[PDB]
Ligand SMILES: *[C@@H]1O[C@H](CO)[C@@H](O[C@@H]2O[C@H](CO)[C@@H](O[C@@H]3O[C@H](CO)[C@@H](O)[C@H](O)[C@@H]3O)[C@H](O)[C@H]2NC(C)=O)[C@H](O)[C@H]1NC(C)=O
Ligand SMILES: *[C@@H]1O[C@H](CO)[C@@H](O[C@@H]2O[C@H](CO)[C@@H](O[C@@H]3O[C@H](CO)[C@@H](O)[C@H](O)[C@@H]3O)[C@H](O)[C@H]2NC(C)=O)[C@H](O)[C@H]1NC(C)=O
Ligand SMILES: *[C@@H]1O[C@H](CO)[C@@H](O[C@@H]2O[C@H](CO)[C@@H](O[C@@H]3O[C@H](CO)[C@@H](O)[C@H](O)[C@@H]3O)[C@H](O)[C@H]2NC(C)=O)[C@H](O)[C@H]1NC(C)=O
Ligand SMILES: *[C@@H]1O[C@H](CO)[C@@H](O[C@@H]2O[C@H](CO)[C@@H](O[C@@H]3O[C@H](CO)[C@@H](O)[C@H](O)[C@@H]3O)[C@H](O)[C@H]2NC(C)=O)[C@H](O)[C@H]1NC(C)=O
Ligand SMILES: *[C@@H]1O[C@H](CO)[C@@H](O[C@@H]2O[C@H](CO)[C@@H](O)[C@H](O)[C@H]2NC(C)=O)[C@H](O)[C@H]1NC(C)=O
Ligand SMILES: *[C@@H]1O[C@H](CO)[C@@H](O[C@@H]2O[C@H](CO)[C@@H](O)[C@H](O)[C@H]2NC(C)=O)[C@H](O)[C@H]1NC(C)=O
Ligand SMILES: *[C@@H]1O[C@H](CO)[C@@H](O)[C@H](O)[C@H]1NC(C)=O
Ligand SMILES: *[C@@H]1O[C@H](CO)[C@@H](O)[C@H](O)[C@H]1NC(C)=O
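Protein chains in written order, with our numbering: chain D, 27 to 118; chain L, 27 to 118; chain X, 84 to 187; chain A, 84 to 187; chain V, 734 to 825; chain P, 734 to 825.
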C-alpha cells in the first residue's frame, strides 16, 4: 500500500545533540528509528548524542562501527524515548 | 506543446575550453546558446573559452558582467559555430 | 554547523539587471550551507548513496569527500522583464528559491 | 577541475557488512566531485537557482559560497542480505549508484 | 484558488487573449496574488499586463493595487485578494 | 523485458509465492539479470531464493549460473539472459 522507506512519521525520539528547529521539549517526530551515539572526539573530552533517524539507509547506520578511526557505538531502538535512558560505553 | 526550457537539442556549439566527454571534433550538441568568454585570470596571462549553454538560466548568463572582481565578456549567439570565429576584447 | 537552509535576499538592483527587470526588484533566494557528518538525522534529508559515501569517508577521509549540503526542494518565481525590443514579458522562472535542504 | 562523475567501487568486505550481505560483495557507487564556476555549461547540468547563487558569489565571494557538484540521477541496486533471524531477504535499495552529476 | 483579470496588449503576438478572467494556479501551501502593470506618460494611462502572480513578499496582505515605485518606466502593483486587478494608483 | 524463475522458501512468512515465473521490471537503458541463491551442506542442496536482479557488474554476459565463491554460507550466482535460473553449479 505504501513503501516502508516513505513511511508516515509516527515514532518519537529524544533530543540532546542533533536537535531540530521545531522539536518541542526535546522530542523529534520521526518514522525510522531512535539512535544514541557515544562518540568521543579525538581530545579526551567525551561527547553524547541522542536523536531520530530517517529510516532510509539506517541498515548501514545501525550496525557497529566496522573499521573507523575513532570508536563509536550506535544503538538503534524503535521504542518511544528509548534513547532517553541510554548510556553506552565504548568497548576496548 | 513543449516548454522552451526543456527544448530538444539541435544547436551546434564549438569547443575550446569547456569540452565534454563525447564532443566530436570539438562540437557540442546543445539546445540553448553558444557562448565565448574571454576572462583573463588574475595573472597577466589571458584565457579563452567557447562552448554550449543549457538555455535554462542563460538570461542571467548572457548579459555583460554587472559588477564582478575580474573583467569578462560573454557573447551569446544562436548560430551554428558562431563562437568559432570570435575574438572578444575586454573594454576598459 | 549543520545542513541548514540559510536566508539570503538578492536584489537585482546590485546585480546589474535593474534596466530589464520591472518587478520584483529583489527576491529571497535562500542559499544552502552547512556540513554533513555521520550520522545523517531525520531532518538532514539524506539518500542511501549519501549515507554510503559518508560511511566510506570514515575509513578513507582523503580518497572520498563528504556529501554536500544541497537543496532538495525549489520553487518558481514570477518575473516581469523587458525584452530586446522593449517588450514587457512575464515568465515563471522555475527553481529559483530554496524551500528545503539535505545531504547529497 | 570541473563537475564530473568520478568512479568509485566500494566493497562491503572492507565495510564490515560481509557477515550480513550475501551478494553483491561490492558495487560501483560512483562519487560526484569537482567545482562549479561561472559559466555553467550544457553538460554541467544546472538550475536557475544555482546560476543565481554562482552569480551572487561573483560580487560577494565571502557571503555566499559557490554551488556544489552533486548527483542528479541515481539508480537502485538489488541486495540479498541476512536478517536478524538468519533469514535471507532481497531488497532493491533505491538511490545507490550515481548516473549523472550537476551543480546544485 | 484565486482569480484575477487577465489583460495583455500583445495578444496578437503570442496568439493569446487580450482580456478575460484568469483562474490562478499555483503550488500548494503557497499564496497567490494578482498583478497590474501599465505605462504612464504625462497623464496618459496605457495598461500593458494584468494577471496572476506567484508568492511574493512585496504584496503581503494588500487589498489594493498601489504602485510604490518613484517614476519607473512601467508602473507595477501587486495585490493579494480576489479581483483586486480592477483599479490602480501611483501613490508612492 | 527479462523473465526469471521466481522461487522463495519464505513464502508463508511474507504471504508470497513459493515459485512461479517472474517478469523482470527495471529502469530504462539498464540491463536486468537473474539470480539464484541456495544452501549447500555436505552434498545436500536446498534452494532459498531465485528471481530477478538489477544491473550488476558481476554477471556481465554470462549464459549460465556458476557460483565462483569459495565455500560461502549461501551460494549465489548471477546470469544474464532469459530463464537462466534453471540450473546452477559451484565451479570456482
Ligand atoms: C528536510 O526536508 C524537510 C521537509 O521539507 C524540512 O522540514 C521543514 O523544516 C522547516 C524549518 O523548521 C519547517 O518550517 C517550519 O514549520 C513550522 C510550521 O508550523 C514552524 O515551526 C515554522 O513556522 C516553519 O514554517 C517546515 O515545515 C518543514 N517541512 C515539513 C514538511 O515538515 C527540513 O528543513 C529539510 N532539511 C533541511 C536540512 O533543510
Ligand atoms: C548532465 O546530465 C547528462 C544527462 O544525464 C549527462 O550526460 C551523460 O554523459 C555521459 C558521459 O559522457 C554519457 O555517457 C557516454 O555516452 C556515450 C554513449 O554513446 C558514450 O560516449 C559513452 O560510452 C558513455 O556511455 C551519457 O550518455 C550522457 N547522457 C546523455 C543522456 O546524453 C552529463 O554527464 C551530466 N553532467 C555531469 C557533470 O555529470
Ligand atoms: C500617471 O501620472 C500622472 C502624472 O504624474 C499622475 O497624476 C498624479 O496624480 C496624483 C494622485 O495622487 C497627484 O498627487 C496629488 O495631487 C494633488 C496636488 O496636485 C493632491 O491631492 C496631493 O497632494 C498629491 O500631490 C499628482 O499631483 C498627479 N501628478 C500631476 C503631474 O498632476 C497619475 O496619478 C498617474 N496615474 C497612474 C495610473 O499611475
Ligand atoms: C555442493 O557441495 C558439494 C560438496 O562440496 C559439491 O560437490 C562437488 O562437485 C564438484 C563438481 O565440479 C566436484 O569437483 C570435481 O570433482 C571431481 C573429482 O572429485 C572432478 O570432476 C574434478 O576434478 C572436480 O574436483 C567436487 O569434488 C565435489 N565435492 C565433493 C566433496 O565431492 C556440489 O557440487 C555442490 N553443489 C552445489 C549445487 O553447489
Ligand atoms: C480566451 O478567448 C476565448 C476566445 O475568444 C474566450 O472564449 C469566448 O470567446 C468569445 C469570442 O469568441 C468572447 O466573446 C467571450 O467573452 C469568451 N468567453 C466566454 C466565456 O464565452 C475565452 O473565454 C477566453 N479565456 C480563456 C481563459 O480561454
Ligand atoms: C502467484 O500465485 C498465484 C496464486 O497461487 C498464481 O496464480 C495461480 O495459482 C494457482 C493456484 O491457485 C496455481 O496452480 C497456478 O500455477 C498459478 N498460476 C496461473 C498462471 O494460473 C500466480 O500465477 C503466481 N504468480 C504471480 C506472478 O502472481
Ligand atoms: C513542554 O514543556 C513545558 C515546560 O518546559 C511544559 O509546560 C509543557 O507541558 C510541555 N509541552 C509540550 C507540548 O510538550
Ligand atoms: C572528425 O575529424 C576527423 C579527423 O580529425 C575527420 O576525418 C572526420 O571527418 C570528422 N568526423 C566527424 C564525425 O566529425
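Note that beta-carbon positions come from the ideal geometry of N, C-alpha and C, so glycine has one too.
Could you give the DSSP three-state label for residue i: helix, strand or coil?
i: residue 79 of chain L; result: coil
i: residue 31 of chain L; result: helix
i: residue 792 of chain P; result: helix
i: residue 87 of chain A; result: strand
i: residue 106 of chain D; result: coil
i: residue 813 of chain P; result: coil
i: residue 126 of chain X; result: coil
i: residue 153 of chain A; result: strand
i: residue 782 of chain P; result: strand
i: residue 777 of chain V; result: strand
i: residue 115 of chain L; result: coil
i: residue 50 of chain L; result: coil
i: residue 147 of chain A; result: coil
i: residue 797 of chain V; result: coil
i: residue 736 of chain P; result: strand
i: residue 822 of chain V; result: strand
i: residue 101 of chain L; result: strand
i: residue 72 of chain D; result: coil
For the alpha helix (DSSP H) that contains residue i, what are its first and last residues?
i: residue 134 of chain X; result: 131-142
i: residue 745 of chain P; result: 744-747
i: residue 84 of chain L; result: 84-87
Under the assumption that residue i contacts residue j (Cβ atoms under 8 Å), give the Cβ distance between them as a whole number of angstroms.
i: residue 127 of chain X; j: residue 85 of chain X; result: 7 Å
i: residue 187 of chain A; j: residue 187 of chain X; result: 7 Å
i: residue 821 of chain V; j: residue 800 of chain V; result: 7 Å
i: residue 135 of chain X; j: residue 86 of chain D; result: 7 Å
i: residue 795 of chain P; j: residue 813 of chain P; result: 6 Å
i: residue 111 of chain X; j: residue 171 of chain X; result: Their Cβ separation, rounded to whole angstroms, is 24 Å, which puts residue 111 of chain X and residue 171 of chain X out of contact at 8 Å.
i: residue 788 of chain P; j: residue 764 of chain P; result: 5 Å
i: residue 41 of chain D; j: residue 76 of chain D; result: 7 Å
What does the Cβ neighbour count give for residue i, buried or exposed, with the cut at 16 atoms within 10 Å?
i: residue 790 of chain P; result: exposed
i: residue 808 of chain P; result: buried
i: residue 825 of chain P; result: exposed
i: residue 782 of chain P; result: buried
i: residue 130 of chain X; result: buried
i: residue 819 of chain P; result: exposed
i: residue 116 of chain D; result: exposed
i: residue 56 of chain L; result: buried
i: residue 774 of chain V; result: exposed
i: residue 82 of chain D; result: buried
i: residue 776 of chain P; result: exposed
i: residue 150 of chain X; result: buried
i: residue 94 of chain X; result: exposed
i: residue 92 of chain X; result: exposed
Over the uninterrupted beta strand (DSSP E) stretch that includes residue i, give me the two end residues.
i: residue 163 of chain X; result: 157-165
i: residue 771 of chain V; result: 766-774
i: residue 177 of chain X; result: 171-181
i: residue 755 of chain V; result: 754-756
i: residue 114 of chain X; result: Run containing residue 114 of chain X: none; DSSP gives neither H nor E here.
i: residue 37 of chain L; result: 37-40
i: residue 106 of chain A; result: 104-106
i: residue 186 of chain A; result: 184-186
i: residue 94 of chain D; result: It is not in any beta strand (DSSP E) - residue 94 of chain D carries neither H nor E in the DSSP assignment.
i: residue 60 of chain L; result: 60-63
I'd like to know if the region 93-104 of chain A and the region 132-147 of chain X are in contact, where contact means that at least 3 CB-CB pairs between them fall below 8 Å. Flag = yes, the region 93-104 of chain A and the region 132-147 of chain X touch.
With three or more beta-carbon pairs closer than 8 Å as the criterion, would you say the region 32-47 of chain L touches the region 80-97 of chain D? The region 32-47 of chain L is not in contact with the region 80-97 of chain D.
Cβ contact check for the region 100-112 of chain X and the region 162-181 of chain X: 3 or more pairs under 8 Å: Flag = yes, the region 100-112 of chain X and the region 162-181 of chain X touch.
Whether or not the region 740-756 of chain P and the region 755-767 of chain V are in contact is what I'm after, with contact meaning three or more pairs of Cβ atoms, one per stretch, closer than 8 Å; do they touch? Between the region 755-767 of chain V and the region 740-756 of chain P there are fewer than three C-beta pairs closer than 8 Å, too few to call the two in contact.
Output needed in chain order: residues of the region 91-115 of chain X with a Cβ under 7 Å from some Cβ in chain B. As a matter of chain content, chain B is missing from the structure shown, whose protein chains are D, L, X, A, V and P.
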